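Structure record follows, encoded as structure tokens.
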Amino acid sequence: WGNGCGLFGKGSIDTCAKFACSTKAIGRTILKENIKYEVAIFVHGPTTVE
Amino acid sequence: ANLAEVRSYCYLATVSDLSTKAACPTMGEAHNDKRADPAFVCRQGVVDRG
């Protein structure tokens, strides 16, 4: 009665809130011929600080 | 001289339509479009392949 209902006791309730995303802590995979390396060789021949 | 229902267990039929969203290894999980509406019941698994 207190709040509009005819009998006294437990009444059902099913509420809902919305959902979309903001900051996605994304993550991915690394499949193991596309691997190329870049090596640089120097020679301690004549030089200057420059 | 006014009852009310409470629950309803079923014995069932409709187990006719099918779906199988495939995902290759390392390509992650598989999301079946039939997951937007209770139109169907989905469950994931994995298959040995290549």
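How things are named: the first chain in the structure tokens is A, the next is B, and so on; residues count from 1 in each chain; ligands count from 1 in the order shown.
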Neighbours of chain A in chain B at 12 Å, counting only C-alpha atoms, as a VMD selection string: chain B and resid 24 to 29
Would you list the contacts of residue 19 (chain B) as a PyMOL selection string, taking every protein, DNA or RNA residue within 10 Å and counting only C-alpha atoms, but skipping same-chain residues closer than 3 positions in sequence? chain B and resi 22+32-34+40-42
Mind dumping the selected residues with N, CA and C atoms as a PDB file, in the first residue's frame?
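Saved file part29.pdb follows:
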ATOM      1  N   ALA B  22      33.596 -19.770 -38.282  1.00  0.00           N
ATOM      2  CA  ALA B  22      34.958 -20.281 -38.204  1.00  0.00           C
ATOM      3  C   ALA B  22      36.035 -19.211 -38.074  1.00  0.00           C
ATOM      4  N   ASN B  32      29.731 -15.334 -33.940  1.00  0.00           N
ATOM      5  CA  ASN B  32      28.635 -15.638 -34.847  1.00  0.00           C
ATOM      6  C   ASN B  32      27.589 -14.531 -34.778  1.00  0.00           C
ATOM      7  N   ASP B  33      27.177 -14.036 -35.936  1.00  0.00           N
ATOM      8  CA  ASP B  33      26.182 -12.982 -35.976  1.00  0.00           C
ATOM      9  C   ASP B  33      24.922 -13.407 -35.227  1.00  0.00           C
ATOM     10  N   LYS B  34      24.677 -14.712 -35.184  1.00  0.00           N
ATOM     11  CA  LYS B  34      23.516 -15.248 -34.487  1.00  0.00           C
ATOM     12  C   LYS B  34      23.728 -15.130 -32.987  1.00  0.00           C
ATOM     13  N   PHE B  40      19.158 -17.743 -31.562  1.00  0.00           N
ATOM     14  CA  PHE B  40      19.869 -19.004 -31.425  1.00  0.00           C
ATOM     15  C   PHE B  40      20.703 -19.038 -30.145  1.00  0.00           C
ATOM     16  N   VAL B  41      21.163 -20.232 -29.776  1.00  0.00           N
ATOM     17  CA  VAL B  41      22.011 -20.415 -28.604  1.00  0.00           C
ATOM     18  C   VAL B  41      23.401 -20.749 -29.146  1.00  0.00           C
ATOM     19  N   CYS B  42      24.387 -19.933 -28.800  1.00  0.00           N
ATOM     20  CA  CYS B  42      25.735 -20.164 -29.290  1.00  0.00           C
ATOM     21  C   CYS B  42      26.692 -20.673 -28.220  1.00  0.00           C
TER      22      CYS B  42
END
Two-atom distance - CA of residue 4 (chain B), CA of residue 3 (chain A) (Å): 22.4 Å
In terms of the shortest atom-to-atom distance over only C-alpha atoms, which of B:39, B:30, B:1, B:44 is closest to residue 16 (chain B)?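 Smallest separation from residue 16 (chain B) among the options: B:39.
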